[PDB]
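Asks: Residue numbers (the numbering used here), protein chains in the order written: chain A, 4 to 86; chain B, 607 to 1067; chain C, 870 to 1071; chain D, 36 to 96; chain E, 27 to 143.
Note that CB positions come from ideal geometry on N, CA and C, so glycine has one too.
Encoded as structure tokens, here's the structure I'll be asking about.
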Amino acid sequence: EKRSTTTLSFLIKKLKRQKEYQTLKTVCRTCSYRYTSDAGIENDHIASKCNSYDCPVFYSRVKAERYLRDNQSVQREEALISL
Amino acid sequence: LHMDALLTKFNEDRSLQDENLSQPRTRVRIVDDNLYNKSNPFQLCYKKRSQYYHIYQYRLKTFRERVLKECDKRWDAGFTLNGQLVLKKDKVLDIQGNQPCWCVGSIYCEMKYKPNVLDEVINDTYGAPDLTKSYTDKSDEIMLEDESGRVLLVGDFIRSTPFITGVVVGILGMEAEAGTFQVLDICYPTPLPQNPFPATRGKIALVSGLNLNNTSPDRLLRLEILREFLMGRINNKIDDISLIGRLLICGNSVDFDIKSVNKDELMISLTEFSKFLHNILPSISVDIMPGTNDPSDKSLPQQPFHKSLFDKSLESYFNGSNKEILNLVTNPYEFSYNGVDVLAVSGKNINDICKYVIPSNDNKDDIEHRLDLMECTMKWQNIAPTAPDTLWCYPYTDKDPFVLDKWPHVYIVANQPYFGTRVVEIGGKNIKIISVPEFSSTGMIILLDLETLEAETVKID
Amino acid sequence: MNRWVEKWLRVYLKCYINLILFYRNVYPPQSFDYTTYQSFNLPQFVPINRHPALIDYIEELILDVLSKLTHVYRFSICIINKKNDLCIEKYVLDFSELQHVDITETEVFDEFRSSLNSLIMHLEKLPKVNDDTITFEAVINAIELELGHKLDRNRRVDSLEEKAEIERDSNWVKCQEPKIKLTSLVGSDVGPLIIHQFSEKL
Amino acid sequence: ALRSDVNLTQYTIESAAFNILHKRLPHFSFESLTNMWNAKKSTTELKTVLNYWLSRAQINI
Amino acid sequence: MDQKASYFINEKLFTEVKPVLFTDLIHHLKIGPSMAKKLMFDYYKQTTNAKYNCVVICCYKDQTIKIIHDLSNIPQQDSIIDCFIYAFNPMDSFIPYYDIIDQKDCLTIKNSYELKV
Ligand code: SF4
């Protein structure tokens, strides 16, 4: 129940990855403003379908998506802290 | 008078009475009725975890239904204007004629980003384009979309009101000389139910933005003075200090950057916070809430911190049975403090709205502007108007938690630059909004009463 | 016992050198910032310099001293003037048997806190030292060793440990030992670490 | 003409726009553009495809 | 008692060089906060050998708490409802240290709930 080193390291890794993903999503949402001229919802939806293989932000985006959609064993009620 | 004269005047005439230390004054009891009842709305499953489109559709449908109810209640058939009768229109292309007409539709604004946010996201992406070009290559107008087009909301009533894109309204205006709709009155969603105000009673302490870091040593002395003040050591007026039934840290307990951080210094700050908690718990109850820069999820519905992340000296409080004295709570929560339903948010919704620059509302980062933003958040019945910035994938399915289903008595948005309170009257009801400032800089502590809802501040220098 | 003492002694020496460099104006005070973490949990909010070269210099010096610890019984940070090479201040840190190889870290940090508080209280009473050609030095007093005589075999290195041993044996030169004013301070009386403090002026 | 003048890798409209004009354009598949152009709702999608092709035609000049 | 307190303060100020607070006297002598302030002021008196820096804080009206630094221009001396000595600092930089305290019987205010073990 008590573990403050490995669990906190896992939290640091997960939070770093989540902040990187949010930054990438914000960058794509700002880049998609050229066409949509919108800022609310459906702008992130229109920007989520950009498959421009000539942009380095796209490969990083799909890598972040693959990383977030995996490693479900660490992201659970038992993250080496048992609760 | 000199400093020695003040000491000679005060300490020589010390009372040293009523300090028995054998029969200490019992703190006033303040309970949280939402501790065991059921269904915490903001408690999600992190293991379960674009999904934003379903939330968009649900918000649109619910808000349109509510605004249509309010309109049919206020713009009921027969409500004639000064000259002619007011008509009802289903689509935005049907409002065309020299006659009044009202319709329901969302709001479309510009909402461009601020330069500092763009610079940050560019410097933290490794390949971000010149995002400023997207705003300069392409302006200032509010429009109304209702699934069938848009019209320009011209006039004066539309300018003296803050708006955010996506919000639906019940515009009632008149087409004048082009495809530009005037505005005479605006409708908001129908008023929500509110629990009756209860009819001996104590107060609660509101603290936010401790920001315990490993570089600033001043933020620990203010915290120690706060620890000594709540225990009744500094003020010595146990007849009034014993009325602070609970303590509510509203987020931002530790300040760090997850870009460059390890487990050691975060553990140092967490042990400092745990020392504070262990020293203050035998005298007062604590309700800890996650923040924007704490070791928790970056989204808005942040789960409680952990049973870990605290020193092993607090293992007796986390055994499960001791929850009334220490309660790790979700980031948004509705505390039912002796019937006074208070909705508390760490303050990311307003801080995410303020990171935009809307080229409207002209006809600047002040306390009144943020209070107006909170009042509009309460008016629109949506805690997070900017969903893509605050919300995360899968907040809920078919029943969104941020769409308010019940108005609270006190609405707290913390981690704000300034402090300010405002009571607003929305459809015969009354909600008291409170803006809690950070404790790192301008270390004020808000004392909120529960018998009359009067907030007073306590500064610590 | 060389198990945990090597970290606590490193932290103590880091705080010692940083406090001496800060309170004597050996480096500009703007390059210092009060902190608690410098890759090690510090016992106080110690002003630690954040210069890239100075940090590495201090770390290498402390590692060399800790390597030679088994024969060193005294460590001094001498403050020499620059207009003329003369020791105007000397802060001696005695290591009399150090209760070395032959423990509730909180107590160790409490003793270090007391020692550093004594050092700060002593340093805060000295007159202000002008910048612009004030500097410092480092002198140790060993029991039985001879440095600088390891490069007499061409010592073809195989890894980083041997290279470090060579460059630490070669980084020291020999030296020798009026109105002196000795002022004793508070040391560390914890079991494994029995340290004593001194000071010299004029 | 761009292949003969400048020496870059892909020679697409987005790559040329970024390497010559320093403009980063999003790219949507032919099915996404079709789904946007057939959306009875979401005027944002129609504006999106219109500005998409308008920028593609303006960058050619 | 004015005898145990003086010895404890002298020890924790000169032998174990550390800033001593009045809450330390509360925890060591099992006394109230007002009596601790009285003892701190009494130790501030009879101080022919003064080798410390007193840290004085004062509580104004409207519930404000300040730490006096200049000791020459005290703002709003008429609104002061209390002014006592907070700590004795031997050094210049205050920067105290806070550790775990077992407040088993030194509490003047207890919460309505009891710890369930
Ligand atoms: S990925 Fe490259 S192209 Fe697709 S949006 Fe983000 S920036 Fe624009």
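Among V1026(C), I1035(C), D1027(C), which one has its Cα closest to the Cα of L1016(C)?
Replies: Taking only the C-alpha atoms, the option nearest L1016(C) is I1035(C).
Asks: Relative to the alpha-carbon of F769(B), which residue among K739(B), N988(B), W998(B) has its alpha-carbon at the smallest distance?
Replies: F769(B) has its Cα closest to that of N988(B), out of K739(B), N988(B), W998(B).
Asks: In or out: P45(E) buried (at least 16 other Cβ within 10 Å) or exposed?
Replies: Per the 10 Å Cβ criterion, buried.
Asks: Under the three-state reduction of DSSP, which class applies to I840(B): helix, strand or coil?
Replies: Reduced to three states, the DSSP call for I840(B) is coil.
Asks: Relative to ligand 1, is the shortest distance from any of its heavy atoms to the C-beta of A50(A) smaller than 7 Å?
Replies: Yes, the beta carbon of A50(A) sits closer than 7 Å to at least one heavy atom of ligand 1.
Asks: What's the C-alpha gap between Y939(B) and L915(B)?
Replies: Using only the alpha carbons, I get a separation of about 21 Å.
Asks: Since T904(C) meets chain B, which of its residues come closer than 7 Å, beta carbon to beta carbon?
Replies: Neighbours of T904(C) on chain B, chain order: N820, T821.
Asks: Assess contact between the segment 820-831 of chain B and the segment 1001-1020 of chain B, defined as three or more Cβ pairs (one per stretch) separated by less than 8 Å. Is contact present?
Replies: Judged by Cβ distances under 8 Å, the segment 820-831 of chain B makes no contact with the segment 1001-1020 of chain B, as fewer than three pairs qualify.
Asks: Just checking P61(D) against ligand 1 - is the residue's beta carbon closer than 7 Å to any of the ligand's heavy atoms?
Replies: Result yes, Cβ under 7 Å from ligand 1.
Asks: Cβ closer than 9 Å: which chain C residues qualify as neighbours of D870(B)?
Replies: Here the neighbours are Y906, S908, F909, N910.
Asks: Please report how far the alpha carbon of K679(B) lies from the alpha carbon of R672(B), in whole angstroms.
Replies: Going from the Cα of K679(B) to the Cα of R672(B) covers about 11 Å.
Asks: Any chance you could list the beta strand (DSSP E) runs of at least 3 consecutive residues sitting entirely within the segment 835-893 of chain B, in chain order?
Replies: Complete beta strand (DSSP E) runs here, min 3: 850-855.
Asks: May I ask you to report which of helix, strand or coil DSSP gives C84(E)?
Replies: Three-state result, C84(E): strand.
Asks: Confirm the yes/no value for this check: CB of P735(B), any heavy atom of ligand 1, distance under 7 Å.
Replies: Yes, Cβ of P735(B) sits closer than 7 Å to a heavy atom of ligand 1.
Asks: Which residues mark the beginning and the end of the beta strand (DSSP E) in which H1065(C) is found?
Replies: That run of the beta strand (DSSP E) goes 1063-1066.
Asks: Whose C-alpha, out of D870(B), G776(B), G897(B), is nearest the C-alpha of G815(B)?
Replies: Among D870(B), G776(B), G897(B), the Cα nearest to that of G815(B) is on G897(B).
Asks: Say yes only if the C-beta of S40(A) is nearer than 7 Å to one or more non-hydrogen atoms of ligand 1, and no if none qualify.
Replies: Every heavy atom of ligand 1 is 7 Å or more from the Cβ of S40(A), so no.
Asks: Which bits of chain B does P59(E) rub up against, with CB to CB less than 8 Å?
Replies: Near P59(E) (Cβ distances below 8 Å), the residues of chain B are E625, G838, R839, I840, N842.
Asks: Rounded to whole angstroms, how far is the Cβ of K954(B) from the Cβ of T983(B), which I believe are closer than 8 Å?
Replies: With 8 Å as the limit, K954(B) and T983(B) do not qualify as a contact, their Cβ atoms being about 12 Å apart.
Asks: Which bits of chain B does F914(C) rub up against, with CB to CB less than 7 Å?
Replies: Those within 7 Å of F914(C) in chain B are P823.
Asks: Looking at the unbroken beta strand (DSSP E) that takes in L1053(B), where does it start and where does it end?
Replies: First-last of the beta strand (DSSP E) with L1053(B): 1050-1055.
Asks: Please look up how many angstroms separate the CB atoms of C707(B) and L693(B), rounded, as I've assumed it's under 8 Å.
Replies: Going by Cβ atoms, the distance from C707(B) to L693(B) rounds to 5 Å, so yes, they are a contact pair.
Asks: Measure the Cβ-Cβ separation of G711(B) and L750(B) and say whether it is below 8 Å.
Replies: Yes, the Cβ-Cβ distance between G711(B) and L750(B) is below 8 Å.
Asks: Just checking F61(A) against ligand 1 - is the residue's beta carbon closer than 7 Å to any of the ligand's heavy atoms?
Replies: Within the cutoff, so yes.
Asks: Touch check for the segment 892-910 of chain B and the segment 44-63 of chain A: three-plus C-beta pairs under 8 Å?
Replies: Flag = no, the segment 892-910 of chain B and the segment 44-63 of chain A do not touch.
Asks: How would you call residue 1075(C), buried or exposed, if buried means at least 16 neighbouring beta carbons within 10 angstroms?
Replies: Chain C is shown from 870 up to 1071; residue 1075(C) falls before or after that span and cannot be answered.
Asks: Enumerate, from N- to C-terminal direction, the unbroken alpha helix (DSSP H) stretches of 4 or more residues contained entirely within the segment 621-683 of chain B.
Replies: The qualifying runs are 658-680.
Asks: Using a C-beta cutoff of 8 Å, does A67(A) count as contacting chain D?
Replies: Not an interface residue.
Asks: Below 7 Å, is the gap between the Cβ of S55(A) and the nearest heavy atom of ligand 1?
Replies: Checking the Cβ of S55(A) against ligand 1 gives yes.
Asks: Is the beta carbon of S1068(C) less than 8 Å from the beta carbon of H991(C)?
Replies: Result yes, Cβ atoms of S1068(C) and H991(C) sit closer than 8 Å.
Asks: What are the start and end residues of the alpha helix (DSSP H) that includes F53(D)?
Replies: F53(D) -> alpha helix (DSSP H) spans 48-55.
Asks: Less than 7 Å between the CB of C884(C) and some heavy atom of ligand 1, yes or no?
Replies: No.
Asks: Based on the DSSP secondary-structure assignment, which residues constitute the bridge partners of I810(B)?
Replies: DSSP lists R852(B), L1054(B) as partners of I810(B).
Asks: Excluding five sequence neighbours on each side, which residues of the same chain lie with their C-beta closer than 6 Å to the C-beta of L876(B)?
Replies: Correct list, in chain order: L915.
Asks: Is there at least one Cβ from chain B nearer than 8 Å to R59(D)'s Cβ?
Replies: Yes, its Cβ sits closer than 8 Å to a Cβ of chain B.
Asks: Applying the 10 Å Cβ sphere with the 16-neighbour rule, what's the burial state of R72(A)?
Replies: Exposed.
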